[PDB]
Amino acid sequence: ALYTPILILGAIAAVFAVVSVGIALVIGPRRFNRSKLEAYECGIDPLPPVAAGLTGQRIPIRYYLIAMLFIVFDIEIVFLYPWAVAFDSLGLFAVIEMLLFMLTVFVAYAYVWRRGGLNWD
Amino acid sequence: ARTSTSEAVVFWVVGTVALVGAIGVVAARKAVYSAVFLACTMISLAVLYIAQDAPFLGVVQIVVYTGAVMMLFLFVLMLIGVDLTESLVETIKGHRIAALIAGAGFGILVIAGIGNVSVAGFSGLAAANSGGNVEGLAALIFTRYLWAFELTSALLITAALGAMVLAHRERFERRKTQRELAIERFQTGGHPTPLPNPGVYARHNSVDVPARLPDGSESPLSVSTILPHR
Amino acid sequence: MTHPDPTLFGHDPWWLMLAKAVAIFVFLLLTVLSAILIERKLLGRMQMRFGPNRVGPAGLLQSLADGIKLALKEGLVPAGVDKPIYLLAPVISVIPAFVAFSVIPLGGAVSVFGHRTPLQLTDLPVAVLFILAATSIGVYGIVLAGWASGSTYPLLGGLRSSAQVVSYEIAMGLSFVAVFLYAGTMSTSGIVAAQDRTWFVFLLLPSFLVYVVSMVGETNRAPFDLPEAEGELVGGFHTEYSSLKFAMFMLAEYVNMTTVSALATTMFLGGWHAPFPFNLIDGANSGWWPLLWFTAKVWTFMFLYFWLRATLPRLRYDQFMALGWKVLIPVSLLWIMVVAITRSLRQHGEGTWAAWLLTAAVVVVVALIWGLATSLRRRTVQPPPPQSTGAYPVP
Amino acid sequence: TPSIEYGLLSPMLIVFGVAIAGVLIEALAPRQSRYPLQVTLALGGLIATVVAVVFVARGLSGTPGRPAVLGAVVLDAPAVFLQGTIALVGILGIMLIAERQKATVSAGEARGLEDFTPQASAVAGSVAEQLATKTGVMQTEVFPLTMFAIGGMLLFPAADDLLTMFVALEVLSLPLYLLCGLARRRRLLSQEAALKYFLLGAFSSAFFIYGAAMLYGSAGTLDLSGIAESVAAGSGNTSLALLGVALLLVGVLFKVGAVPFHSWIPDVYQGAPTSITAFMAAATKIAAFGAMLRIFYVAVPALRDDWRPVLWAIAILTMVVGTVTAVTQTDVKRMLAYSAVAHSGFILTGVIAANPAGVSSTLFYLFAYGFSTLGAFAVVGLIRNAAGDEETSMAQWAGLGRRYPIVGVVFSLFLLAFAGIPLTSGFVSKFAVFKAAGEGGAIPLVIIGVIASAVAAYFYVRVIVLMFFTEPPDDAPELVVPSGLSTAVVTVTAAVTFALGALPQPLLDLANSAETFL
Amino acid sequence: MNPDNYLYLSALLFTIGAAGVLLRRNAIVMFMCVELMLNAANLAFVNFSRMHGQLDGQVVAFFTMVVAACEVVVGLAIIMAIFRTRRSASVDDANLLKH
């Protein structure tokens, strides 16, 4: 229990959104046009159906390193929440424990930063 | 031991989503579809964690795996492709059948080993969550499991070191700056000032269209190097 | 004590919790329909215009008119799109946006038709992180809309949405920690109750700033409206979307604005407690007035949003991410450490030692950040050499 | 509040703090000063770790042992023995890893004799990689990573609960996943090895965690002693206990390399940096077998009649497929990999003993075999093709001993030890495990191990034939002795393999005193 | 609904994850399948912890998620290096070491 209001609000939202998309597709004019249905390219003809030999199959991101670091850091930061909420109940022992853990995280972060890991985007 | 029929409904719908999501992860031939299916499965498992009297675990599941599947989607776009539809055709002679058999057998055997267990006593979690689910997790993590919590830092550091050593590219492979490019015998402008635009024709103005030289031939420079002519 | 208050939450009759959900839904709809018109009129004023003032009296219907127009408009489904995901993306953006707002305290307990119930749809032991999870799911709508549209500009917009997450997610998560630390809970009712003595904005100012920046980022609002970036990507991810699907994207963005501003109020501005000028007034925190105060604070955040739009360019998303990982994350992490040590010392009687630390720590941060700003980087200069092209003589 | 036995946890704490300090050295130390500090910081730390362990050994003289962190870590005699072994093997491994190139005419000497590519993020053979090699840059991040592995491998024997073992398994595996892909030459092979090892290690760790889940379900706790009390007390779910034991065994057997799970080792040991190959083939085997000893002698002894028959088969397969597959292997590195596969089964025989002699024999076997394997892989690293690539094809080794009698003799000693000929620690080692197995009722395993050793002696001996009994070919590989560190590793290792075979009672008394778990 | 059903689901999910690692060449897909196995283990821990009236398994799920994140990042690093050298993320292509 205690979650069924969240489910009611989610159900209201999902019905609202699904019916919204249905209205989008159903209400208003509809006329087939190959030009209308073609990709937007600022008015220029979009590439042939076979976009090109190779072509935009793969998109490099310049922050792959920061994305990888984000994975680990985001997961590792969730340990703070139980520590934060249990603070004043765990005592100085936990304070020192998390200070050491956060210093370890800081060392990781400083190694990443000072060695240019955060720079290429 | 039978949990509330509401929990039954939640399990059935959500675990249906989770099982279908895993199946799509394995079966979807577009990697982006597989990523989305993984996100669905993670969300469903988070819902199950909440339903099993594990609020914080489920919520953290949603959060962290939203992040994780976003990054895995980025890496799918980088390393695999934007909408590449992989063949999924067995390349190792008979490997597909052997893998299906082994997976099914392992699943059947694990189900057999699990068998009926809950009938042997299912102590609800209320006595534990009382006082705060997160409070209980904090009590355990920083009291009994403090050493493992500390070693998670080693895991994090090792991941960072691996990323930096294998992924980060030092100065030698650093891409030249726009500032750098403009320089060096006035690069990028001395040379075909701004390379000639693709040709514009009636019925064809796309970038793949090569421009026409005075004699009527097609200028190779007008069309980019990467395009497959036209 | 153990929030959510078990004597208040989880005991609504089915119809009453249905009505509270319906009221929250209608409130969010009217709040978005307001925010649209109010933002346009306030931007006009900040640019010396009147903004919309014709459609209906005083231009009231302009937001409603735009919504109905988008409804009455052709439902486009371009060829070359992943039809399923292309149609789902607005739904994935919308549902979580509405869901997140469920655990937002719009008031204290009130006796509606005898039933004592909160002016709040419900509350959870981990409510704040539940909002975070809903908002994080919502970004899948943006990213999958960008990707599924099968066009270069939507693709770039969706990639910018992914980068946007990589920038703001960790900063937001860390910004929550200090509030949890002073509150001793993750429920929003508990976080508001813990603010009876004083609002955490004064106590947790660094956390407030980090959270607000990560917020403006999370909603994709200027100067971090990068996924759209109409000046660069035309329409970003919501290119190729028209009619109610685009309308749903924008409604999702505005509901995210409302949700995150309501959270900011909840966990930094005493939630629904009346401001200082009405703090001393009798019953200012009882009955329906708390709803007025909550809406007032939320709309001050809305004003901050509009003001940011009207007075800042948009960063390049790499610059924004460098902000997040070089300023927001380090600052939030060091603030969490400093606040933890401060509370531990105060609980151990050290007293002044904490004040010397706290004040000093920020004083150090305010320096080193400026170090990354002007005193050590981003304030240098250089020269360059000429080429063979017979360049003139620079006086 | 929790009570932390710092004196007990001292070795692991020292190693992990040293790893953190090494990452700091990478973070805020200038390039030219990084390597001198790291090799300084690493080796000293491990030496300190060694020192710590011996004092901890003195600490456990009276009591059999003690837990440290409210369970989750128990320093008992087997734990300190395995931790000391891993510390020594780590010292040797880091002496191998720190070996720099043999400065010929230029100052570009940069940790290349260690076989580490100057910039692992670069495309192999790219102009960037070539320019980095010319500039003599080294990714010193290796030293912390290695240390982290040791830290994990120090804990993994000493972990006293499922969660700590799983965390330690990941902590030791991830560094090795990364290290396997940093080789200086044959970079394609090293990268493939890293990918294979990561994929299969992640698979095995998934099995490990799922088995931990099943054991926890059966027992209602994840401290090993609690699991033992549950299974012995008969209160828990026996079927779940068995399934969890099996799934956990899957992971631990992957870590040691049993035949059903060994397939990675040939490729990974071939393609990984020779230094990292030497380091891992000892350290990971030691840590995995220590953990498996703990699980089968602390966590789940009562279910012996249930898991004995399984290990039996595995051991059989391990000895047979591991040895037979090696008979016709033509690459020295891959042959040593299959030799390690076979010796995993040899160890597993003494684990199957399920008696104190089993533990003593296993500990001695791990010590002696880890040392011997580390030495053999270091020697295989010393042999070079004319192009610089480590010559590993057995044909190029013809007459290698004749051209280099000292290294030939040392490598022949290592091979004889692996075969288990007497006067080598390898004999005493195999004898101990076989004696434990027979005394434990597993004589048939002793017979099968006898047969497997007879088969393996052939491929151990063919290499000696190539070294000494054949004239060197026209293009014989030369012996490069990059630095005195590698020489010290080879000398210490061979000297151990020989002394510990002639007069093994030292360290065999210590193995005996480490026959009981807490 | 018998709580044991969750375990079956976990068993199924792990199974599918296992099958994925055997059937899909793309290294990213393999990583997602490994994540599926780890999450199935988490589900088993959560159910068992609910059964035993203690949060231990819920704690273990956190550490499993941490390990999953670190493993995924390490695999991503290895795959990035391999992709740079080869421009392919297929595991089958890493076949040089054999026999």
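Every residue, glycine among them, receives a Cβ derived from its backbone with ideal geometry; neighbour counts consider all protein chains shown. All of the numbers you see were taken from the coordinates with simple rules; none came from a lab.
Here are some notes:
- Net charge of the neighbourhood of C:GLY10, taken over other residues with C-beta under 15 Å away and scored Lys/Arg +1, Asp/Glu -1, is -2.
- Positive-end ranking of A:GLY28, A:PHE73, A:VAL15 along the dipole of region A:3-115, with charges on Cβ about the Cα centre, is headed by A:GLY28.
- Over all distinct Cα-Cα pairs of chain C, the Kirkwood formula returns a hydrodynamic radius of 22.9 Å.
- Remark: mean inter-chain Cβ contacts per residue of C:73-85 equal 5, using a 10 Å Cβ-Cβ cutoff to other protein chain atoms.
- Shape call, chain A: gyration tensor on alpha carbons, a/c limit 1.5: oblate
- Note on B:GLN187/B:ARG29: beta-carbon distance plugged into 1/(1 + (r/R0)^6) with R0 of 35 Å gives a FRET efficiency of 0.25.
- For region E:3-93, the relative contact order is 29 percent, taking Cα pairs closer than 8 Å that sit 6 or more residues apart in sequence and dividing their mean separation by the residue count.
- Shape of region B:5-171, Cα gyration tensor, a/c cut at 1.5: oblate
- Across peptide C:237-250, the average count of Cβ atoms from other chains found within 10 Å of a residue's Cβ is 3.
- Note on E:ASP4, D:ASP76, D:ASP161, D:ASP115: ascending count of other Cβ atoms within 10 Å places them as E:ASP4, D:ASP76, D:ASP115, D:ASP161, the fewest first.
- Residues whose placed amide H lies under 5 Å from that of D:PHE116, excluding near-sequence neighbours: D:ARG184
- In terms of the mean number of neighbouring beta-carbon atoms within 10 Å, the peptides B:101-114, A:23-36 order highest first as B:101-114, A:23-36.
- Expected 222 nm ellipticity per residue - DSSP helices of 4 or more, -39500 (n - 2.57), all of chain B, to 500: -17000 deg cm²/dmol
- The distance separating the Cα centre of region C:138-187 from that of region D:307-349 comes to 50 Å.
- Cα-based reach from D:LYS196 at 16 Å (exclusive), listing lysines while leaving out same-chain residues under 8 positions away: D:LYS255, E:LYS98
- Amide hydrogen neighbours beyond the local backbone of D:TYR404, cut-off 5 Å, H modeled: none
- Net charge dipole size for chain C [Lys, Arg +1 and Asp, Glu -1 on Cβ; Debye, nearest 20]: 740
- For B:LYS30, a cut-off of 17 angstrom between C-alpha atoms picks up these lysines, skipping any fewer than 8 places away in its own chain: C:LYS83.
- Using Cβ point charges alone (K and R +1, D and E -1), the dipole size of the protein assembly as shown about the Cα centre works out to roughly 2540 debye.
- Cβ-to-Cβ counts within 10 Å put D:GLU192, C:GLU228, D:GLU391 in ascending order as D:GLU391, C:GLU228, D:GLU192, the fewest first.
- For chain C, adding -39500 (n - 2.57) for each run of n ≥ 4 DSSP H residues and dividing by the number of residues yields -20500 deg cm²/dmol at 222 nm.
- Per-peptide average of other Cβ atoms within 10 Å, ordering B:56-69, C:20-33 highest first: B:56-69, C:20-33
- For chain A, hydrophobic long helices are taken as DSSP H runs at least 30 Å long by C-alpha position along their axis with mean Kyte-Doolittle hydropathy of 0.0 or more; these are A:4-26, A:92-114.
- Region B:194-230 and region D:7-50 have Cα centres separated by 61 Å.
- Our note on the geometry: Cα centres of region D:114-131 and region A:92-121, 28 Å apart.
- Rounded to two decimals, the Cα radius of gyration of the protein assembly as shown over 2.2 N^0.38 Å is 0.95.
- Hull volume in cubic angstrom per residue (convex hull over the Cα atoms of region E:3-93): 57
- The long axis of helix B:146-162 is offset from the longest Cα principal axis of chain B by roughly 10 degrees.
- For C:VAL110, residues with placed amide H under 5 Å, excluding near neighbours: C:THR117, C:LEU119
- Here the Gaussian network model covers chain E, with springs between Cα atoms less than 10 Å apart; of E:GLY75, E:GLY53, E:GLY20, E:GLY53 fluctuates the most.
- Straight-distance crosslink candidates among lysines, where the alpha carbon sits under 17 Å from C:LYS73 and sequence neighbours closer than 8 are dropped: A:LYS36, C:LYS245
- With the helix formula -39500 (n - 2.57) applied to DSSP H stretches of n ≥ 4, chain A reaches a computed 222 nm mean residue ellipticity of -18500 deg cm²/dmol.
- Taking other Cβ atoms within 10 Å as a rough exposure proxy, E:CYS33, A:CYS42 sort from fewest to most as A:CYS42, E:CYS33.
- Region B:5-171: relative contact order in percent, alpha carbon pairs under 8 Å with at least 6 residues between: 17
- Anisotropy class of region D:302-373 from Cα gyration tensor, a/c 1.5 cut: oblate
- Farthest toward the positive end of the dipole of chain C, out of C:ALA391, C:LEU129, C:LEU372, is the Cα of C:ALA391, where the dipole comes from beta carbon charges about the Cα centre.
- Sum of side-chain charges, A:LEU90 neighbourhood, beta-carbon under 10 Å (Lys, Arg +1; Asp, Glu -1): -3
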